[PDB]
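Below are the chains, spelled out letter by letter.
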Number of protein chains: 6
Amino acid sequence: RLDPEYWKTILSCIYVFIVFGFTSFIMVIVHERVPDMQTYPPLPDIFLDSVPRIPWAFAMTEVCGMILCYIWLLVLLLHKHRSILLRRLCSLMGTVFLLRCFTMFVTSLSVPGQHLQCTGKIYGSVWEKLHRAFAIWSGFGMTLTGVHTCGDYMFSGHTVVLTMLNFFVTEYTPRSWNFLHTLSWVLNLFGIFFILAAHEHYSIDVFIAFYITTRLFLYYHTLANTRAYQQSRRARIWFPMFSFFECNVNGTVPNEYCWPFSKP
Amino acid sequence: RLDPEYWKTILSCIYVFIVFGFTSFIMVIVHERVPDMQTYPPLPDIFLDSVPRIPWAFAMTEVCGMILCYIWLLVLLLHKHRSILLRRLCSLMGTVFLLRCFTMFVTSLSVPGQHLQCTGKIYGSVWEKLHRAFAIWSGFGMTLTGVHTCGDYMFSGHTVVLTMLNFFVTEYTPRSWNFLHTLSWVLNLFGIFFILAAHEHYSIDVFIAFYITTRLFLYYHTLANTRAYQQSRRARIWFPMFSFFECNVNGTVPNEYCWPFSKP
Amino acid sequence: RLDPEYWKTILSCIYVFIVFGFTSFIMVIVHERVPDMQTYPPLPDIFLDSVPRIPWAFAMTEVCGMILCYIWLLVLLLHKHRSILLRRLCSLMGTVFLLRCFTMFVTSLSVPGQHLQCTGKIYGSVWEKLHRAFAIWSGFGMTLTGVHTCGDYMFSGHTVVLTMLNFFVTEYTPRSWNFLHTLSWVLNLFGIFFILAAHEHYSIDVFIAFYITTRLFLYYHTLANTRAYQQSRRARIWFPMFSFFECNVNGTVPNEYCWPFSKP
Amino acid sequence: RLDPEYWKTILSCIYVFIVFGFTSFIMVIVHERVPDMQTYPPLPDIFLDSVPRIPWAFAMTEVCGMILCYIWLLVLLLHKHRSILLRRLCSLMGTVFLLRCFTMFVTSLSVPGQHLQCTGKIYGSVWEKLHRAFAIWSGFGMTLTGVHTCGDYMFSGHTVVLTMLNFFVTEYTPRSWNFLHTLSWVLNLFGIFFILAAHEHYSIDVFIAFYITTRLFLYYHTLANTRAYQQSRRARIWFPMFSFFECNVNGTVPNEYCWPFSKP
Amino acid sequence: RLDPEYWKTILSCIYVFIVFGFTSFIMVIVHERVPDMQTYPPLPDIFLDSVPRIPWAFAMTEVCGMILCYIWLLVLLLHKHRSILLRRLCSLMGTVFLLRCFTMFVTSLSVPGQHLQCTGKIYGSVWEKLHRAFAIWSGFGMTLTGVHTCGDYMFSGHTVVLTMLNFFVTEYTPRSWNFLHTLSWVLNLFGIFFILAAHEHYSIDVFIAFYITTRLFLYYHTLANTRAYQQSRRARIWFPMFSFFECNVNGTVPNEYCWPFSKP
Amino acid sequence: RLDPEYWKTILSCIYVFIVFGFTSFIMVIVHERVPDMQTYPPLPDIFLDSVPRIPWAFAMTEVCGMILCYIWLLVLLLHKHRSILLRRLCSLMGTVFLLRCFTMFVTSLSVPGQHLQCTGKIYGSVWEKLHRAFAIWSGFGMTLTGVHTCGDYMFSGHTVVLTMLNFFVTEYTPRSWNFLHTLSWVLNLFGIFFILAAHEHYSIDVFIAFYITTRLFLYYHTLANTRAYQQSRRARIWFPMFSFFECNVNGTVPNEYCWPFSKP
């Protein structure tokens, strides 16, 4: 049966956090490659040359992220098997960012010309770069708590976060509430459009980022529902720590509800 | 049963060739967005920085391609379903080249700094664009028959051809000939490496030009195996003209080999 | 049945230490033959002539050798029949390093030009050779604890240790862990590559070392699983002290794991 | 049953002649690498330093070669299934000489000081190397018909031929002739001693050549007798063109002798 | 049954030591014939002409003999029938050494020119010959304890001892230990080669001093096995004191070993 | 049954003549080693120093040889299975003399001083030695037809011929004529005594020669009577062409008489 494992979720939660730290550490290394990085005028993008730069577009995507997180924790609060959903969130966010790190190491593609008042730079050391890492790591990447001051590269994590929250929101809801799903898709599309109009990422930066996470989420859910991790040697799974997390869960989780507290 | 409809192969062929024509047009259309194209320093890479440029490495790619094409022609000559393999290949290259067209149209990523001796440029008119494209069209984009002189863009076609002609000779040969498959794997790997060593494309171009063809081949063959197009309303398949071309094909294609000529 | 023999393991450890001590002395005897070994130009190779020398590449081989050693020590601790594993490892490392002594005494092939610091020499005595042999012996031949002042001859020793550890790690882990196996193979291949990248061995020392270690490991395990030591007078097995160690072990060793400590 | 296939023996002979030509051309190419290769002093050996050079000792190896070849040709004449023997000899020699070519390409190890009359060289063209390759090819590489002006590299060739002929003579004679076998073994050992005593090869060259030929012959005959080419997908036999030659032969070849001429 | 009669063993030992006494006497009596013995040139040979005289090989003979007799003593200690093996050994040495006496009496063959610096000579009296013989007797005839200063004669006894102690270890050990047999074969062959390389005996001495011992060993062993001495009047065996020593033993001596000290 | 093979006896008769020719060829080669061979004084023998030299004993040695030959041909004339006796005599005389040739090549031992005045020597050529061999060959060695002019070496063939003929004469007569056997033995003893007394050979030359032929003849007859050449794998017979000649003869050959011609 569905046995909530309260001690595996701790490992899953440390997994996403250490992956975030590793990604933050890798981010500062890429910035060392090109010293100036603010002398190239923008490459022609048929999406970029049309929409003028909007200074406040970036923060609207962020408030979209917070409101989507609020809805998701609202669903997370009133579900029987909250442990499984919280485990899956971390277990599926811990791989897209590893792919992001690999793509970052292979090649670098920043948006050429914005945030030219990028301060800091020329970090010659083996200890201060770590401090810059905790600066990046312990700021969650938001500009509201100003940490992201300088340019960002290919494969934006904002779109990954938005669509990953949206898919889990729409998937763990009954097939009778088809009015919050449309709204959630609306805010997801608005966030993508506002990140595109912020002159912060290229179109190919967001298209690949969206497709990869959508395909990976669908594949993970299909494999979990099929429960081929133990049925046979299905495909020699390469998912990081998949059978360990999903050994005790069989079949498809239902969508029943209760009240968490003991004082109705 | 498997009835060879020769009136469908001609339609598929004219479709893939007009796709080639549209692609040839769109390279010329996307060319003049930037006039210089030739002043920037390369973006930081991990493979274009270590390995120095090898001037003759860009010939082995099309030597490998011609060898693979000759082997594929030999395979196509002796198979009874020579009207089916060619139709499927034409249906696949059309889709992959439409994807290439869309990717190059949304954004352009050319190695900034190769082919600085190419002449021409500033083709501002209505009628010399088609002349330039027809020059590009009737040269197969090869450098042995010198046609492409300036730079190339995202989603290299040489990778797509070298991978399609490798995964198409492997699939439609007996599952006991895993040596020609091994030889073609080395062929494809060397063709991949020599393009990168020639400073012709970025390292992330080849990876996402190889994975897409592998996935779009395996998915198409899985769909064709289980006849899901007519079994039910499975997924509303998004292949351009999907149910039309393979409406007369049921089951799985056999493997038997025959000599069509009547001169034993 | 599997009887843990705690004195045969000690005998095997004594045997392997004696073999290592003999090898250390033989390596000092061989260096006496021709003094210079550093004035000739290197033989025409295909790898030593393309890749330039990398000064730091030799320490990475030993780093990859310590990582695999730590992993194998972890495996050796959480097993039922750890005594058999230790006994087999020692009984194989004895034979391979005896073959190395033979093939290094027959003909001495060094790399003319690395470790040119080798100076003074003229160890003309019987009681000064022993001190030099002891200096190599109680340093494990590594370059971190500096004993690797002069060069190393035919049948490289780092490749033997790396391949033996990788194969032992792969063999004695459950046949469902197919990510640790890939990591071990990658580490082994990188350690092999860094030997040639540092201009320490010819391209033909490494290949024969790898082949000999692989062939001996596979032959020993085939003989052990067939259990031909008491079946009949099959072929007069030539493995040094083979029937003595495997007389009490019949059949194949299973893969049961536990926790040795008396405090679970 | 044993079907005499006279159209495959011709293919095997063509394959062997092509392999021999390729080996000769590769030797000519390899000699181009190092200009002198005759000024350095020889490596410290254990056999080349004790026994002084014997000027006439290199003709005796070829004399034993002719004797063994004559005996084998006599055996080939008085056998029922001579076609299978002639098909196996070629299919083994081709593989062994391909291995010799590969081994000689990576690193070139000659004997510094014999055949010091080798001068002129500087074949700085493509149509002059071919003449030398043809001169070596149509001379069988022997020293009696003088083509052996310069030295010979790694993986000696005389040892391969001698060992192959000796093993073939031993295998395909009735198992009651234990005087011809002793004579063949004595001739083989004397040929090896004479190739070693003329200062034409190193000890390790002869040892690895002998080991490789013996192991390849034994493995090929074990596979042929086990008939694993059609039993199952055992191990993916890597012998070049193995299943094509042994598909029509099932089981083991008997030792029936007859007389082919119809004139008693 | 097998009854250990130590009174027979003591008589056998004193008898064979008596045989040593008369051998020592006869060497002195045959020394006095030719005074010079050191002026002639050696008769033509094949092994004494090619191999040059080396002066340290004549020590390895008694080193090998010492190792062999130590191994034989170890075997005799652990074998229950220690009263029978020693008696048979003494009975065999008595016969072979009286044959040596006959051979040196009938003819005297020596090396004309070696050991030319030995002093003494002209021992013309009745008593000093006894002193010289006792000097020869109480040194067992090795050169390590320098007694054998002059030349030696027909039918070398070092070969006889080296071969008898090899054929007794092989015979009276279980027929599954064919490594100590292999080691003893090398021990015997090297001892054979080194006495020849010391220019101490002609090449015909060793061959007939080895064949005689192996033949007289196998013949005596077969006679003991089939108990033909008492079965009938088989051949009137000429072995001196044959039936007396071997009257109390019937059947074949087993190969079982025991520890006769009472301190487990 | 006992089938007289008239065509194998021809091969046996040619084989002994080739052996005789080879022995004659070898004899002249030994004479080329040392030129003088007539300066050494007699090495001291207890037999030669006693009997003054006799210069007519050599003649009646051949006289008793011819007498025994006459008796043997008398027996051969009136026997049913004369072919078998002739074949066995030739086949054994062809092996004893091969052993003579080997012992001749290994070492040389002549009698130092008789035949001071024989002519010849200093044969510097590659053709005249053949004529000398023909002179030696076609004289049968007797001094009646003067060919043997210089001395003879060890392992004399005179005693071999005498003993071989005597044993054949005695063996093929039934056990009722014990008066001619006494004459044969006494003439053999007189012949060997005359050989010893006339200063042409040493005692050790004749003792080994007598023993070798006696043992070989006895072993051959025992094997022929027991019929172990086809019974099982008896001893790995090293007899030259043994199973070929005696394949058709089984059991023991009896001694029936007849009259050869058709005119009684």
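The next subject is the overall build of chain A. Scanning chain A for helices and strands turns up eight helices and zero strands. For chain A, the sequential pattern of α-helices and β-strands runs α-α-α-α-α-α-α-α. Its C-alpha radius of gyration of 20 Å places chain A within 12% of the 18 Å reference for a compact globule of 264 residues. Its C-alpha atoms put chain A at 60 × 40 × 40 Å along the principal axes. The buried share among the 264 residues of chain A stands at 48%. Pairs at least 24 residues apart make up 85% of the contacts formed inside chain A by residues separated by at least 6 positions. Accessible surface computed for chain A: about 14,400 Å², of which carbon and sulfur atoms make up 73%.

A separate point is the interface of chain C and chain D. With 18 residues of chain C at the contact, the number on the chain D side is 18 residues. Taken together, the two surfaces of chain C and chain D that pack against each other cover about 1,900 Å², and 73% of this comes from carbon and sulfur. Counting across the chain C and chain D interface gives five residue pairs in polar contact. Mapped by element, the contributors of at least two residues to the side of chain C that touches chain D are α3 (82–106) and α7 (203–226) of chain C.

Next up on the list: the nonpolar core. Counting residues in each nonpolar core, the largest one holds 80 residues, and the members touching the most others are A:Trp72 and B:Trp72. Examining the composition of this core, we find that nine residues originate from one element, helix α3 (residues 82–106) of chain A, more than from any other. In contact with A:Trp72, not counting residues within four places along its chain, are A:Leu85, A:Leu89, A:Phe168, A:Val169 and A:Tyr172. Formed by 64 residues, the second largest nonpolar core is a distinct cluster that contains D:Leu68, D:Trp72, D:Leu109 and D:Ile192.

What follows deals with the relation of the copies chain C and chain D. Of the transformation placing chain C onto chain D, the axial shift is 0.0 Å and the rotation is 180°, giving an RMSD of 0.3 Å. Interpreted geometrically, this transformation is the action of a two-fold axis. Within chain C, C:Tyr40 has its C-alpha nearest the rotation axis, a separation of 3.3 Å. Looking at chain C, 94% of its interface residues are interface residues in chain D too, so the copies touch through the same face.

Here we take up the pattern of salt bridges. Scanning all chains against the criterion turns up 17 salt bridges over all chains. The partner of B:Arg33 in a salt bridge is B:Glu32, with the nearest N and O atoms 3.4 Å apart. Under the relative-accessibility criterion, B:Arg33 is labelled partly exposed at 46%. A salt bridge links C:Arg175 to C:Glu171, with the shortest nitrogen-to-oxygen separation between them at 3.2 Å. We classify C:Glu171 as partly exposed; its relative accessible area is 23%. Through salt bridges with shared partners, one network takes in C:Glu32, C:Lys121 and C:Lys129.

Turning our attention to the state of the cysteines. Defined simply, a disulfide is a covalent bond joining two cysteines at their sulfur atoms. A complete count under the given rule lists six disulfides over all chains for this structure. Put simply, B:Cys118 and B:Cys150 are joined by a disulfide, and their sulfur atoms are 2.0 Å apart. Judged by the sign of its S-S torsion, about 100°, the bond between B:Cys118 and B:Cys150 is right-handed. Of this pair, B:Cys118 sits in the loop between α3 (82–106) and α4 (128–137) while B:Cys150 sits in the loop between α4 and α5 (157–171), and the two are 32 residues apart along the sequence. Of the two residues, B:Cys118 and B:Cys150, both sit in the buried class. Just so you know, C:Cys64 is unpaired, no disulfide at all, and the nearest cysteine sulfur is the one on C:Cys69, 13 Å from it. A relative accessible area of 7% places C:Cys64 in the buried class. Left without a disulfide partner, C:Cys247 is nearest to the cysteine sulfur of C:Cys90, which lies 17 Å away.

Residue and element names in this part refer to chain A. Following the UniProt record, the feature "active site" maps to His158, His201 and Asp205 here. The largest pairwise C-alpha distance within this set of annotated residues, which runs over 48 residues, is 11.0 Å, so the set is compact in three dimensions. Discounting residues that sit within four places of it in the chain, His201 has contacts with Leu48, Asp152, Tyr153, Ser156 and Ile195. A polar contact is formed between the side chain of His201 and the side chain of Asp152, at a distance of 3.1 Å. Here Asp205 shows up in helix α7 (residues 203–226). Given a relative accessible area of 2%, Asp205 falls into the buried group. Within polar-contact distance, the side chain of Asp205 engages the backbone nitrogen of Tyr202 at 2.7 Å.

Moving on, we come to the side chain of C:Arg88. For C:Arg88, the position within the fold is in helix α3. Among residues more than four places away in sequence, those in contact with C:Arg88 are C:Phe168, C:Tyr172, C:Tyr220, C:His221, C:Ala224, C:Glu246 and C:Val253.

This part covers the packing of α3(C) against α7(C). Residue and element names in this part refer to chain C. Here α3 crosses α7 at 135°, and the two axes come no closer than 11 Å. As summarised for this structure, α3 and α7 are arranged oblique, according to the angle between their axes. Relative to α7, α3 is oriented so that their crossing is right-handed. Touching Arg88, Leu92, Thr95, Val96 and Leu99 of α3 are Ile212, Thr213, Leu216, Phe217, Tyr220, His221 and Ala224, all from α7. Grouping the constituent residues of the contact of α3 with α7 by class yields eight nonpolar, three polar and one charged.

Time to look at a nonpolar patch on the surface. Nonpolar side chains collect at one region of the surface, where A:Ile46, A:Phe47, A:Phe102, A:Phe207, A:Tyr211, B:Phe102, B:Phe105, B:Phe207 and B:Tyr211 lie side by side and expose about 860 Å² of accessible area between them. Looking at the nonpolar patch, the elements that each hand over two or more residues are α7 of chain A together with α3 and α7 (203–225) of chain B. Here B:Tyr211 shows up in helix α7.

Compared with the 33 Å implied by 1.5 Å per residue over 23 residues, the 34 Å span of α7(B) between its first and last C-alpha is a close match. Where α7(B) terminates, the next one or two residues include B:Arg227, which has phi positive at roughly 45°.

Residues and elements named next belong to chain C. As enumerated under the stated definition, the model contains 116 aromatic pairs over all chains in all. Every member of this aromatic cluster is reached through a ring pair, and the members are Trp72, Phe167, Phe168, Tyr172, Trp185, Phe210 and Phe217. Over the ring of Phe105 we find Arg33, and its NZ or CZ is 4.8 Å from the ring centre.

Residue and element names in this part refer to chain B. Running from amino to carboxyl end, helix α2 (residues 57–77) crosses α3 at an angle of 140°, the nearest separation of the two axes being 9 Å. The orientation of α2 relative to α3 falls into the category oblique. Side by side, α2 and α3 meet where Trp72, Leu76 and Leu77 of the first sit next to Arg82, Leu85, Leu86 and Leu89 of the second.

Take helix α4 (residues 82–106) of chain E next. The terminal C-alpha atoms of α4(E) lie 37 Å apart, and with 25 residues this matches the ideal 36 Å at 1.5 Å per residue to within 8%. Along α4(E), 19 of the 25 residues are buried, which leaves the element largely enclosed by surrounding structure.

Conventions we followed
Residues numbered from 1 in each chain as written, not as in the entry; some residues may be left out. Chains lettered and ligands numbered in written order. Heavy atoms only, no water. Helix = DSSP H or I, 4+ residues; strand = E, 2+ residues; numbered from the N terminus. Rg over C-alpha atoms; globule rule 2.2 N^0.38 Å. Buried < 20%, exposed > 50% of the residue type's maximum accessible area, 1.4 Å probe, protein only. Contact = heavy atoms within 4.5 Å. Areas by Shrake-Rupley, 256 points an atom, 1.4 Å probe, with all protein chains shown as cover. Buried area = accessible area lost by both parts, 1.4 Å probe. Polar contact = N/O pair within 3.5 Å; in protein donor to acceptor, adjacent residues only side chain to side chain. Core = buried A, V, L, I, M, F, W, Y, C linked by side-chain atoms within 4.5 Å. Least-squares fit on C-alpha atoms. Salt bridge = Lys/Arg side-chain N within 4 Å of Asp/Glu carboxyl O. Disulfide = S-S within 2.5 Å. UniProt positions renumbered as here; feature names shortened; annotations may be inferred. Axes fitted to C-alpha atoms, helices over the stretch in contact; angles between N-to-C directions. Parallel < 35°, antiparallel > 145°, perpendicular 65-115°, else oblique. Left-handed = near helix turned anticlockwise from the far one by under 90°. Nonpolar A, V, L, I, M, F, W, Y, C, P; charged D, E, K, R; others polar. Patch = residues over 30% accessible without salt bridge, like charges linked within 9 Å, V, L, I, M, F, W, Y side chains within 5 Å. Expected span 1.5 Å × (residues − 1). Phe/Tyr/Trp six-rings, centres within 6.5 Å; stacked < 30°, edge-to-face > 60°. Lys NZ or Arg CZ within 6 Å of the ring centre and 35° of its normal.

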